[PDB]
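So this block is coords_38.cif, mmCIF, C-alpha atoms and all ligand atoms:
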data_upload
#
loop_
_atom_site.label_atom_id
_atom_site.label_comp_id
_atom_site.auth_asym_id
_atom_site.auth_seq_id
_atom_site.Cartn_x
_atom_site.Cartn_y
_atom_site.Cartn_z
CA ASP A 1 3.57 -9.21 28.01
CA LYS A 2 3.60 -11.60 25.04
CA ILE A 3 1.34 -10.27 22.29
CA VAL A 4 -0.54 -11.72 19.32
CA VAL A 5 -0.98 -9.19 16.50
CA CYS A 6 -3.76 -10.30 14.13
CA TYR A 7 -4.12 -8.61 10.75
CA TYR A 8 -7.51 -8.77 9.02
CA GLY A 9 -7.60 -8.41 5.24
CA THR A 10 -10.99 -6.72 5.24
CA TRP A 11 -11.74 -7.46 1.56
CA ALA A 12 -12.35 -11.08 2.62
CA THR A 13 -15.95 -10.06 3.27
CA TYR A 14 -16.50 -10.29 -0.50
CA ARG A 15 -15.55 -13.96 -0.69
CA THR A 16 -18.50 -16.30 -1.00
CA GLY A 17 -19.72 -19.34 0.88
CA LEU A 18 -17.20 -20.94 3.20
CA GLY A 19 -14.50 -18.41 2.27
CA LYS A 20 -16.47 -15.35 3.36
CA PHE A 21 -14.90 -13.80 6.46
CA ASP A 22 -16.56 -10.78 8.09
CA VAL A 23 -15.81 -8.81 11.25
CA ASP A 24 -18.14 -11.09 13.19
CA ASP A 25 -16.02 -14.11 12.21
CA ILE A 26 -13.16 -12.72 14.33
CA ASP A 27 -12.61 -14.26 17.75
CA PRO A 28 -11.40 -11.20 19.71
CA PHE A 29 -9.96 -13.33 22.53
CA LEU A 30 -7.42 -15.04 20.26
CA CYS A 31 -5.58 -11.76 19.62
CA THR A 32 -4.21 -9.01 21.83
CA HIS A 33 -3.99 -6.55 18.92
CA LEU A 34 -6.29 -6.64 15.89
CA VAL A 35 -5.35 -4.60 12.82
CA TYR A 36 -7.77 -3.40 10.11
CA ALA A 37 -6.06 -3.65 6.71
CA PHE A 38 -5.96 -1.29 4.89
CA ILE A 39 -6.49 2.44 4.67
CA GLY A 40 -4.46 4.53 2.25
CA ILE A 41 -3.23 8.05 1.50
CA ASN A 42 -2.88 10.47 -1.34
CA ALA A 43 0.50 12.07 -2.06
CA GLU A 44 -0.57 15.19 -0.13
CA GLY A 45 -0.92 13.05 3.01
CA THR A 46 -4.70 12.78 3.28
CA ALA A 47 -5.59 9.51 4.99
CA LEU A 48 -8.49 7.86 3.24
CA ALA A 49 -10.75 4.83 3.20
CA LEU A 50 -9.88 2.47 0.36
CA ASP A 51 -13.36 0.87 0.33
CA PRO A 52 -15.69 3.54 1.74
CA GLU A 53 -18.85 1.57 0.92
CA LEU A 54 -17.66 -1.16 3.32
CA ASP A 55 -15.49 0.83 5.74
CA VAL A 56 -17.78 3.83 6.21
CA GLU A 57 -21.28 3.40 4.73
CA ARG A 58 -21.70 -0.18 6.00
CA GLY A 59 -19.97 0.68 9.28
CA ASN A 60 -17.12 -1.81 9.00
CA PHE A 61 -14.51 0.35 10.79
CA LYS A 62 -16.86 0.72 13.76
CA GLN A 63 -17.96 -2.92 13.77
CA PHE A 64 -14.27 -3.87 13.95
CA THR A 65 -13.44 -1.55 16.84
CA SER A 66 -16.64 -2.66 18.59
CA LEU A 67 -14.94 -6.02 19.15
CA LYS A 68 -13.66 -4.27 22.29
CA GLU A 69 -17.21 -4.62 23.64
CA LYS A 70 -16.57 -8.38 23.83
CA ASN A 71 -12.88 -8.25 24.85
CA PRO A 72 -12.29 -4.92 26.65
CA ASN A 73 -8.51 -5.53 26.78
CA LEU A 74 -8.22 -5.84 22.99
CA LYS A 75 -6.34 -3.13 21.11
CA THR A 76 -7.72 -2.38 17.62
CA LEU A 77 -5.43 -0.57 15.17
CA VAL A 78 -5.87 0.61 11.59
CA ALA A 79 -3.11 -0.17 9.08
CA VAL A 80 -2.14 2.31 6.36
CA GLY A 81 -0.37 1.12 3.23
CA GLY A 82 0.09 -2.45 2.13
CA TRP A 83 1.56 -3.99 -1.01
CA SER A 84 -1.14 -2.70 -3.36
CA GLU A 85 -0.76 0.88 -2.09
CA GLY A 86 2.77 1.16 -3.49
CA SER A 87 5.51 3.54 -2.45
CA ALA A 88 5.31 6.78 -4.50
CA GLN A 89 2.59 8.53 -2.52
CA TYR A 90 4.26 7.68 0.82
CA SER A 91 7.62 8.90 -0.51
CA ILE A 92 6.06 12.22 -1.57
CA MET A 93 4.10 12.63 1.67
CA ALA A 94 6.99 11.83 3.98
CA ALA A 95 9.36 14.36 2.35
CA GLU A 96 7.16 17.42 2.97
CA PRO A 97 6.49 18.77 6.49
CA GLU A 98 3.07 20.04 5.37
CA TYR A 99 2.07 16.65 3.99
CA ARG A 100 3.34 14.82 7.07
CA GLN A 101 1.27 17.14 9.25
CA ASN A 102 -1.77 16.53 7.04
CA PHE A 103 -1.25 12.78 7.39
CA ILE A 104 -0.90 12.98 11.17
CA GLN A 105 -4.10 15.03 11.48
CA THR A 106 -6.24 13.07 9.00
CA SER A 107 -5.12 9.66 10.27
CA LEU A 108 -5.76 10.83 13.84
CA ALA A 109 -9.25 11.96 12.81
CA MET A 110 -10.07 8.50 11.43
CA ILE A 111 -8.59 6.80 14.50
CA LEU A 112 -10.66 8.87 16.93
CA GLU A 113 -13.91 8.95 14.96
CA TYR A 114 -13.95 5.17 14.43
CA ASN A 115 -12.58 4.31 17.91
CA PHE A 116 -9.28 2.75 16.87
CA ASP A 117 -6.48 2.54 19.44
CA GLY A 118 -3.63 3.48 17.11
CA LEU A 119 -2.00 3.30 13.71
CA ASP A 120 0.11 0.64 12.01
CA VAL A 121 2.30 1.95 9.18
CA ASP A 122 2.90 -0.54 6.34
CA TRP A 123 4.66 1.54 3.67
CA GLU A 124 5.97 -0.97 1.11
CA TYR A 125 8.60 0.34 1.02
CA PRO A 126 10.85 3.33 1.66
CA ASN A 127 13.43 3.65 -1.12
CA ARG A 128 11.93 0.77 -3.12
CA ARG A 129 9.40 0.06 -5.88
CA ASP A 130 7.96 3.36 -7.23
CA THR A 131 9.68 5.55 -4.62
CA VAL A 132 10.01 9.16 -5.73
CA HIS A 133 12.79 10.39 -3.43
CA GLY A 134 14.89 7.23 -3.20
CA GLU A 135 17.32 7.04 -0.31
CA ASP A 136 15.85 10.15 1.31
CA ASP A 137 12.85 7.96 2.20
CA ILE A 138 14.97 6.24 4.87
CA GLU A 139 15.32 9.50 6.79
CA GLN A 140 11.80 10.73 6.09
CA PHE A 141 10.25 7.47 7.32
CA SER A 142 11.94 7.96 10.70
CA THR A 143 10.93 11.63 10.80
CA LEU A 144 7.33 10.64 10.07
CA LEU A 145 7.34 8.13 12.94
CA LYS A 146 8.85 10.69 15.33
CA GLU A 147 6.15 13.23 14.47
CA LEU A 148 3.35 10.66 14.71
CA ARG A 149 4.59 9.63 18.15
CA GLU A 150 4.74 13.23 19.36
CA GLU A 151 1.10 13.81 18.41
CA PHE A 152 -0.24 10.39 19.40
CA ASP A 153 1.18 10.72 22.92
CA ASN A 154 -1.38 13.47 23.58
CA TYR A 155 -4.08 10.79 23.19
CA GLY A 156 -2.43 7.61 24.48
CA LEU A 157 -2.55 6.03 21.02
CA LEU A 158 -0.36 3.19 19.75
CA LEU A 159 2.04 3.51 16.82
CA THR A 160 3.39 0.37 15.15
CA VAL A 161 5.05 -0.58 11.87
CA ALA A 162 5.26 -3.58 9.60
CA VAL A 163 8.68 -3.98 7.97
CA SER A 164 10.50 -6.11 5.44
CA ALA A 165 12.39 -8.96 7.05
CA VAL A 166 15.75 -9.99 5.63
CA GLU A 167 18.87 -7.84 5.88
CA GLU A 168 19.21 -7.17 2.15
CA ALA A 169 15.68 -5.76 2.10
CA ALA A 170 15.82 -3.95 5.45
CA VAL A 171 19.02 -2.02 4.71
CA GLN A 172 17.35 -0.46 1.67
CA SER A 173 14.51 1.05 3.70
CA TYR A 174 15.20 1.55 7.41
CA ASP A 175 17.43 2.98 10.05
CA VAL A 176 16.57 0.35 12.67
CA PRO A 177 17.32 2.26 15.91
CA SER A 178 15.31 5.32 14.88
CA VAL A 179 12.38 3.18 13.71
CA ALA A 180 12.34 1.18 16.96
CA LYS A 181 12.64 4.31 19.12
CA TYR A 182 9.22 5.75 18.23
CA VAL A 183 7.06 2.64 17.89
CA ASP A 184 5.36 0.41 20.42
CA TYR A 185 6.62 -2.57 18.42
CA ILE A 186 7.93 -3.61 15.01
CA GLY A 187 6.05 -6.33 13.15
CA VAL A 188 8.74 -8.05 11.08
CA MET A 189 7.19 -9.63 7.98
CA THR A 190 9.07 -12.94 8.21
CA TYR A 191 7.34 -14.54 5.21
CA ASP A 192 7.25 -14.08 1.43
CA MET A 193 10.84 -15.28 1.64
CA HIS A 194 10.28 -17.15 -1.62
CA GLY A 195 7.39 -17.30 -4.03
CA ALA A 196 6.31 -17.83 -7.61
CA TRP A 197 8.47 -14.87 -8.74
CA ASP A 198 11.55 -17.04 -8.10
CA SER A 199 13.17 -19.33 -10.65
CA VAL A 200 12.91 -22.35 -8.32
CA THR A 201 10.50 -23.57 -5.66
CA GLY A 202 11.16 -22.30 -2.16
CA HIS A 203 9.53 -21.89 1.20
CA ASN A 204 7.31 -18.96 2.09
CA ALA A 205 8.69 -18.88 5.63
CA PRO A 206 11.57 -21.32 6.21
CA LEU A 207 12.97 -21.05 9.72
CA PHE A 208 16.54 -22.03 8.79
CA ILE A 209 18.45 -23.20 5.69
CA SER A 210 16.27 -25.10 3.19
CA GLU A 211 16.82 -28.26 1.17
CA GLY A 212 18.80 -27.45 -1.95
CA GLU A 213 20.56 -24.36 -0.57
CA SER A 214 24.29 -23.94 -0.06
CA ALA A 215 25.61 -23.49 3.47
CA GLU A 216 28.28 -21.12 2.19
CA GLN A 217 27.29 -17.55 3.12
CA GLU A 218 24.41 -19.04 5.10
CA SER A 219 23.72 -15.64 6.69
CA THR A 220 22.62 -14.27 3.28
CA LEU A 221 19.78 -16.75 2.79
CA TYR A 222 16.17 -15.59 3.06
CA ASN A 223 14.87 -17.28 6.21
CA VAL A 224 13.15 -16.35 9.47
CA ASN A 225 16.20 -16.92 11.68
CA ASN A 226 18.43 -14.68 9.55
CA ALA A 227 15.81 -11.92 9.53
CA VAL A 228 15.12 -12.03 13.28
CA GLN A 229 18.82 -12.07 14.10
CA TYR A 230 19.40 -9.15 11.73
CA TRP A 231 16.75 -7.00 13.41
CA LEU A 232 18.03 -7.86 16.89
CA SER A 233 21.63 -7.16 15.87
CA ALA A 234 20.70 -3.85 14.22
CA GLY A 235 19.12 -2.39 17.36
CA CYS A 236 15.54 -3.60 17.68
CA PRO A 237 15.14 -4.68 21.32
CA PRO A 238 13.49 -8.10 21.74
CA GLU A 239 10.60 -6.47 23.60
CA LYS A 240 9.76 -4.56 20.41
CA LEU A 241 10.32 -7.37 17.87
CA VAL A 242 7.09 -9.14 16.92
CA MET A 243 7.75 -12.05 14.60
CA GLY A 244 5.48 -12.45 11.60
CA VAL A 245 4.00 -15.78 10.53
CA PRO A 246 1.87 -16.58 7.48
CA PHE A 247 -1.62 -18.12 7.41
CA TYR A 248 -1.26 -18.68 3.65
CA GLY A 249 1.04 -20.62 1.36
CA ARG A 250 2.58 -19.96 -2.04
CA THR A 251 2.14 -22.10 -5.14
CA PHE A 252 4.32 -23.01 -8.10
CA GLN A 253 4.21 -24.86 -11.42
CA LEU A 254 7.19 -27.22 -11.51
CA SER A 255 9.37 -27.26 -14.61
CA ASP A 256 9.61 -31.07 -14.29
CA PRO A 257 7.18 -32.86 -11.93
CA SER A 258 9.76 -35.56 -11.17
CA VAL A 259 12.05 -32.90 -9.63
CA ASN A 260 9.93 -31.75 -6.71
CA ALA A 261 12.24 -30.90 -3.81
CA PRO A 262 12.52 -27.34 -2.53
CA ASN A 263 14.79 -25.36 -4.85
CA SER A 264 13.61 -27.22 -7.95
CA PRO A 265 13.13 -25.31 -11.22
CA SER A 266 9.72 -23.67 -11.54
CA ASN A 267 7.86 -22.27 -14.55
CA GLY A 268 5.77 -19.73 -12.63
CA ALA A 269 2.78 -19.46 -10.35
CA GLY A 270 0.73 -22.51 -9.46
CA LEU A 271 -2.79 -23.17 -8.29
CA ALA A 272 -5.20 -20.69 -6.75
CA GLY A 273 -7.57 -21.19 -3.87
CA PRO A 274 -11.29 -21.31 -4.71
CA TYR A 275 -11.99 -18.18 -2.61
CA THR A 276 -8.75 -16.17 -2.70
CA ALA A 277 -8.70 -16.82 -6.48
CA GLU A 278 -5.13 -15.71 -7.28
CA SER A 279 -2.62 -18.05 -8.91
CA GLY A 280 0.51 -18.24 -6.77
CA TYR A 281 -0.95 -18.23 -3.27
CA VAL A 282 -3.51 -20.15 -1.24
CA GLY A 283 -4.99 -19.67 2.21
CA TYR A 284 -4.35 -22.28 4.87
CA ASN A 285 -8.13 -22.81 5.09
CA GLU A 286 -8.19 -23.55 1.36
CA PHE A 287 -5.10 -25.74 1.24
CA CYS A 288 -5.75 -27.84 4.33
CA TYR A 289 -9.14 -28.66 2.81
CA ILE A 290 -7.57 -29.51 -0.56
CA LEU A 291 -5.11 -31.87 1.16
CA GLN A 292 -7.89 -33.47 3.20
CA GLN A 293 -10.05 -34.08 0.11
CA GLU A 294 -7.40 -35.22 -2.43
CA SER A 295 -5.27 -38.13 -1.24
CA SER A 296 -2.91 -37.99 -4.25
CA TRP A 297 -0.94 -35.04 -2.85
CA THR A 298 2.42 -35.87 -1.29
CA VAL A 299 3.16 -33.85 1.85
CA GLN A 300 6.76 -33.75 3.05
CA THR A 301 8.60 -31.96 5.83
CA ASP A 302 11.76 -30.04 5.02
CA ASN A 303 13.64 -31.00 8.18
CA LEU A 304 16.27 -28.33 7.60
CA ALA A 305 13.80 -25.44 7.24
CA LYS A 306 11.17 -26.91 9.65
CA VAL A 307 8.25 -26.37 7.24
CA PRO A 308 6.01 -28.59 5.12
CA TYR A 309 5.52 -28.58 1.39
CA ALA A 310 3.26 -30.55 -0.93
CA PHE A 311 3.29 -31.63 -4.54
CA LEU A 312 0.97 -33.27 -7.05
CA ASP A 313 2.19 -33.55 -10.64
CA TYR A 314 2.99 -29.98 -11.73
CA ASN A 315 1.78 -28.42 -8.44
CA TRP A 316 4.27 -27.56 -5.71
CA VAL A 317 3.00 -25.68 -2.65
CA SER A 318 4.84 -24.21 0.33
CA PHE A 319 2.61 -23.74 3.38
CA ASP A 320 2.59 -23.66 7.17
CA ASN A 321 0.61 -26.01 9.43
CA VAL A 322 0.15 -26.58 13.16
CA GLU A 323 3.51 -28.34 13.47
CA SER A 324 5.50 -25.66 11.63
CA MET A 325 3.64 -22.90 13.48
CA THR A 326 4.65 -24.60 16.73
CA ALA A 327 8.31 -24.56 15.66
CA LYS A 328 8.03 -20.87 14.76
CA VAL A 329 6.55 -19.86 18.12
CA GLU A 330 9.08 -22.00 20.00
CA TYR A 331 11.81 -20.12 18.11
CA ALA A 332 10.26 -16.78 19.11
CA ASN A 333 10.05 -17.93 22.74
CA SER A 334 13.71 -18.99 22.68
CA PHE A 335 14.77 -15.45 21.74
CA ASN A 336 12.35 -13.74 24.15
CA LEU A 337 10.60 -11.96 21.30
CA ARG A 338 7.67 -9.71 22.16
CA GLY A 339 5.20 -11.94 20.35
CA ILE A 340 3.76 -13.18 17.09
CA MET A 341 2.21 -11.24 14.22
CA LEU A 342 0.08 -13.01 11.62
CA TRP A 343 -0.98 -12.28 8.06
CA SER A 344 -3.86 -12.89 8.18
CA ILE A 345 -6.74 -14.15 10.31
CA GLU A 346 -9.23 -14.71 7.48
CA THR A 347 -7.29 -17.70 6.07
CA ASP A 348 -6.91 -19.71 9.24
CA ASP A 349 -9.24 -22.72 9.19
CA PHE A 350 -11.79 -20.50 10.90
CA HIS A 351 -14.67 -22.94 10.29
CA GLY A 352 -12.66 -25.94 11.55
CA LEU A 353 -13.27 -27.89 8.34
CA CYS A 354 -9.85 -29.59 8.51
CA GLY A 355 -10.45 -31.49 11.75
CA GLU A 356 -8.15 -29.68 14.21
CA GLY A 357 -10.78 -27.35 15.67
CA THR A 358 -11.62 -23.83 14.60
CA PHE A 359 -8.71 -21.42 14.19
CA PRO A 360 -6.04 -24.15 14.51
CA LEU A 361 -3.13 -21.91 13.54
CA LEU A 362 -4.21 -19.06 15.81
CA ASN A 363 -4.97 -21.38 18.73
CA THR A 364 -1.52 -22.93 18.25
CA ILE A 365 0.11 -19.49 18.52
CA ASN A 366 -1.80 -18.67 21.71
CA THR A 367 -1.09 -22.08 23.26
CA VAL A 368 2.64 -22.10 22.57
CA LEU A 369 3.07 -18.51 23.79
CA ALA A 370 1.16 -19.30 27.00
CA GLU A 371 3.11 -22.51 27.65
CA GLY A 372 6.49 -20.85 27.05
CA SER A 373 7.94 -23.86 25.21
CA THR A 374 11.35 -23.05 23.74
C1 LIG A 401 -6.94 -4.02 -1.09
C2 LIG A 401 -6.36 -4.89 -2.22
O1 LIG A 401 -5.49 -4.46 -2.95
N1 LIG A 401 -6.89 -6.28 -2.42
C3 LIG A 401 -6.35 -7.14 -3.50
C4 LIG A 401 -5.36 -8.10 -2.85
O2 LIG A 401 -4.24 -7.42 -2.49
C5 LIG A 401 -3.69 -7.93 -1.25
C6 LIG A 401 -3.05 -9.30 -1.42
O3 LIG A 401 -2.03 -9.26 -2.47
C7 LIG A 401 -2.39 -9.73 -0.17
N2 LIG A 401 -1.59 -10.99 -0.36
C8 LIG A 401 -1.88 -12.15 0.52
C9 LIG A 401 -1.03 -13.40 0.34
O4 LIG A 401 -2.75 -12.09 1.31
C10 LIG A 401 -1.38 -8.72 0.34
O5 LIG A 401 -0.93 -9.11 1.60
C11 LIG A 401 0.31 -8.52 1.98
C12 LIG A 401 0.20 -7.09 2.64
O6 LIG A 401 -0.04 -6.04 1.71
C13 LIG A 401 1.46 -6.90 3.32
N3 LIG A 401 1.36 -6.22 4.43
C14 LIG A 401 1.48 -7.09 5.53
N4 LIG A 401 1.40 -6.69 6.94
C15 LIG A 401 1.57 -7.72 8.00
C16 LIG A 401 1.16 -5.29 7.30
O7 LIG A 401 1.71 -8.39 5.19
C17 LIG A 401 1.89 -8.36 3.75
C18 LIG A 401 0.85 -9.29 3.09
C19 LIG A 401 1.48 -10.66 2.64
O8 LIG A 401 2.44 -10.41 1.64
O9 LIG A 401 -2.08 -7.42 0.49
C20 LIG A 401 -2.64 -6.94 -0.78
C21 LIG A 401 -3.19 -5.57 -0.52
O10 LIG A 401 -2.11 -4.74 -0.16
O11 LIG A 401 -4.90 -9.11 -3.84
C22 LIG A 401 -6.04 -9.86 -4.42
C23 LIG A 401 -5.38 -10.79 -5.37
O12 LIG A 401 -4.11 -11.10 -4.77
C24 LIG A 401 -7.04 -8.93 -5.10
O13 LIG A 401 -8.20 -9.71 -5.45
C25 LIG A 401 -7.49 -7.88 -4.14
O14 LIG A 401 -8.18 -8.58 -3.08
#

Show this structure as structure tokens.
Ligand SMILES: CC(=O)N[C@H]1[C@H](O[C@H]2[C@@H](O)[C@@H](NC(C)=O)[C@H](O[C@H]3[C@H](O)[C@H]4N=C(N(C)C)O[C@H]4[C@@H]3CO)O[C@@H]2CO)O[C@H](CO)[C@@H](O)[C@H]1O
Amino acid sequence: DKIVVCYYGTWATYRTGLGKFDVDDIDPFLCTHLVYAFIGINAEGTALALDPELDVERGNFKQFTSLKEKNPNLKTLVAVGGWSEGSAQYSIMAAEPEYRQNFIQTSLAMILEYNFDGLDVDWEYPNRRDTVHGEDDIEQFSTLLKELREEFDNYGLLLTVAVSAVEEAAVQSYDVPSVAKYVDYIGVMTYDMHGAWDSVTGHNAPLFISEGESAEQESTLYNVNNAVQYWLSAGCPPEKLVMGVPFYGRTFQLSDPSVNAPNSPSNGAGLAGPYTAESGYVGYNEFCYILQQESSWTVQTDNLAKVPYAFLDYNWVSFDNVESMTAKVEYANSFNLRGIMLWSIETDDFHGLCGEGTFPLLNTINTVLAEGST
């Protein structure tokens, strides 16, 4: 009954050398659900491949779903949306019955032709960013899910969502009971809690209160516990709540290197990984290697938030390791959550270069779920 929902950022195939991660780098027995990120839409609802040369011409959709030839119990979904896809087109599509119907039919066509087992909806986000219809998106999102479910039930297909985590974000976008009603599960994106957009350093996925935070109005802080408890309290049953964890960290440039605790002033985004190549975030594979190769880094545990962080002069990095992943899965076990969702498989230490075996984060998730440790 416990599930492990693995997202694959399919553009990782274009990384070079040790960062390159293709479909055949996936271990299909370390996930119960594997999700191909991402397809997109136009405003008229037509589902479409975002990288047709890879997805279609080079057969990547079908190579991905063919992982079921190795693990016949694996479910392989396709995810529509994502951060880069924005909100406007989803807002327009969801408001019009004709566009919703077009989305249902065109997404179903892709699912069946490429042998996917269902659809994950990652609209980021109803009533936010470049939304066109504003608060109406909250209703139209639930209507879209209802209509997808009605059609998908004719084929036995899965329907899931990925959602923003903390209360102040969730209340802008979702009616929780009507979202939960139509989906097989809700993947709560319990990460990106803090990042280089903030004025101070902070953890990507702190479990509880963090160093440097006030305990007054503790329920308003951006942490995993507050988000999970919000979703449970708002009507998501535990058997439909899948708790997200990150396989990447976020990086900052300190304002003053001598002030290097969490919640210390930051000047902006920090280092980039050699393969992900974007200032402000780093894959676990990249950062564990950096730490292994450069002894000058200081790694500390925030024993309030239950997560590690590292600093070296101006660099300050929040990340998650085997120990913090263990704490996260133990938390999920303690609340009888349906399982663990991860963004994303291609930045685990998939080559085992950091000395804890291949896929240390993903193996940790599977081990702690199987053992039931709370
Ligand atoms: C297709 C594309 O736009 N590729 C971009 C790439 O965009 C990525 C990254 O910004 C991802 N960030 C990280 C830390 O991996 C980002 O991940 C988001 C994702 O959209 C959300 N959806 C989920 N689910 C669990 C459904 O989790 C979140 C994650 C984590 O926040 O996704 C976008 C694409 O939407 O960005 C790089 C440079 O950043 C660019 O080269 C190009 O590869």

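If you look at atom CA of residue 365 of chain A and atom CA of residue 4 of chain A, they are 7.8 Å away from each other.
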
Residue contacts of residue 149 of chain A (8 Å, all atoms listed in the file) excluding same-chain residues fewer than 6 positions away, as a short mmCIF file (atom, residue, chain, number, x, y, z; two decimals) with C-alpha atoms, in the coordinates of the input:
data_model
loop_
_atom_site.label_atom_id
_atom_site.label_comp_id
_atom_site.auth_asym_id
_atom_site.auth_seq_id
_atom_site.Cartn_x
_atom_site.Cartn_y
_atom_site.Cartn_z
CA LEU A 159 2.04 3.51 16.82
CA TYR A 182 9.22 5.75 18.23
CA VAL A 183 7.06 2.64 17.89
#

Any idea what the distance is between atom CA of residue 336 of chain A and atom CA of residue 301 of chain A?
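Interatomic distance here is 26.1 Å.
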
Which residue of A:276, A:32, A:251, A:364 approaches residue 67 of chain A most closely, using all atoms listed in the file
A:32

For ligand LIG 401 (chain A), list the contacting residues at 6 Å or closer, counting all atoms listed in the file, as an mmCIF file with C-alpha atoms, in the coordinates of the input.
data_model
loop_
_atom_site.group_PDB
_atom_site.id
_atom_site.type_symbol
_atom_site.label_atom_id
_atom_site.label_comp_id
_atom_site.auth_asym_id
_atom_site.auth_seq_id
_atom_site.Cartn_x
_atom_site.Cartn_y
_atom_site.Cartn_z
ATOM 1 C CA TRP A 11 -11.740 -7.460 1.560
ATOM 2 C CA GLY A 82 0.090 -2.450 2.130
ATOM 3 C CA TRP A 83 1.560 -3.990 -1.010
ATOM 4 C CA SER A 84 -1.140 -2.700 -3.360
ATOM 5 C CA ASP A 122 2.900 -0.540 6.340
ATOM 6 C CA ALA A 162 5.260 -3.580 9.600
ATOM 7 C CA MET A 189 7.190 -9.630 7.980
ATOM 8 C CA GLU A 278 -5.130 -15.710 -7.280
ATOM 9 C CA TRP A 343 -0.980 -12.280 8.060
#

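Coordinates place atom CA of residue 246 of chain A at a distance of 23.0 Å from atom CA of residue 176 of chain A.
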
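Compared by their closest atoms to residue 309 of chain A, and using only C-alpha atoms, the residues A:285, A:210, A:358, A:233 rank with A:210 nearest.
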
Starting from the incomplete input, reconstruct N, CA and C atoms of segment 293-305 of chain A and report them as a PDB file, in the coordinates of the input.
ATOM      1  N   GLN A 293      -9.114 -33.522   1.079  1.00  0.00           N
ATOM      2  CA  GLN A 293     -10.050 -34.080   0.110  1.00  0.00           C
ATOM      3  C   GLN A 293      -9.388 -34.827  -1.043  1.00  0.00           C
ATOM      4  N   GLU A 294      -8.100 -34.615  -1.287  1.00  0.00           N
ATOM      5  CA  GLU A 294      -7.400 -35.220  -2.430  1.00  0.00           C
ATOM      6  C   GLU A 294      -6.193 -35.980  -1.900  1.00  0.00           C
ATOM      7  N   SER A 295      -6.321 -37.302  -1.820  1.00  0.00           N
ATOM      8  CA  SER A 295      -5.270 -38.130  -1.240  1.00  0.00           C
ATOM      9  C   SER A 295      -4.007 -38.233  -2.093  1.00  0.00           C
ATOM     10  N   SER A 296      -4.055 -37.816  -3.363  1.00  0.00           N
ATOM     11  CA  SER A 296      -2.910 -37.990  -4.250  1.00  0.00           C
ATOM     12  C   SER A 296      -1.762 -37.033  -3.950  1.00  0.00           C
ATOM     13  N   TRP A 297      -2.018 -35.943  -3.227  1.00  0.00           N
ATOM     14  CA  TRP A 297      -0.940 -35.040  -2.850  1.00  0.00           C
ATOM     15  C   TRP A 297       0.081 -35.767  -1.989  1.00  0.00           C
ATOM     16  N   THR A 298       1.349 -35.422  -2.170  1.00  0.00           N
ATOM     17  CA  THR A 298       2.420 -35.870  -1.290  1.00  0.00           C
ATOM     18  C   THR A 298       2.814 -34.692  -0.423  1.00  0.00           C
ATOM     19  N   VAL A 299       2.739 -34.867   0.892  1.00  0.00           N
ATOM     20  CA  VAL A 299       3.160 -33.850   1.850  1.00  0.00           C
ATOM     21  C   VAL A 299       4.469 -34.318   2.472  1.00  0.00           C
ATOM     22  N   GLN A 300       5.473 -33.451   2.453  1.00  0.00           N
ATOM     23  CA  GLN A 300       6.760 -33.750   3.050  1.00  0.00           C
ATOM     24  C   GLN A 300       7.169 -32.622   3.981  1.00  0.00           C
ATOM     25  N   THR A 301       8.027 -32.950   4.934  1.00  0.00           N
ATOM     26  CA  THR A 301       8.600 -31.960   5.830  1.00  0.00           C
ATOM     27  C   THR A 301      10.031 -31.697   5.371  1.00  0.00           C
ATOM     28  N   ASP A 302      10.362 -30.427   5.169  1.00  0.00           N
ATOM     29  CA  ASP A 302      11.760 -30.040   5.020  1.00  0.00           C
ATOM     30  C   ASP A 302      12.323 -29.946   6.430  1.00  0.00           C
ATOM     31  N   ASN A 303      13.140 -30.931   6.813  1.00  0.00           N
ATOM     32  CA  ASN A 303      13.640 -31.000   8.180  1.00  0.00           C
ATOM     33  C   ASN A 303      14.864 -30.125   8.407  1.00  0.00           C
ATOM     34  N   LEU A 304      15.314 -29.402   7.385  1.00  0.00           N
ATOM     35  CA  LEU A 304      16.270 -28.330   7.600  1.00  0.00           C
ATOM     36  C   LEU A 304      15.546 -27.025   7.915  1.00  0.00           C
ATOM     37  N   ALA A 305      14.524 -26.698   7.119  1.00  0.00           N
ATOM     38  CA  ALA A 305      13.800 -25.440   7.240  1.00  0.00           C
ATOM     39  C   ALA A 305      12.650 -25.500   8.245  1.00  0.00           C
TER      40      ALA A 305
END
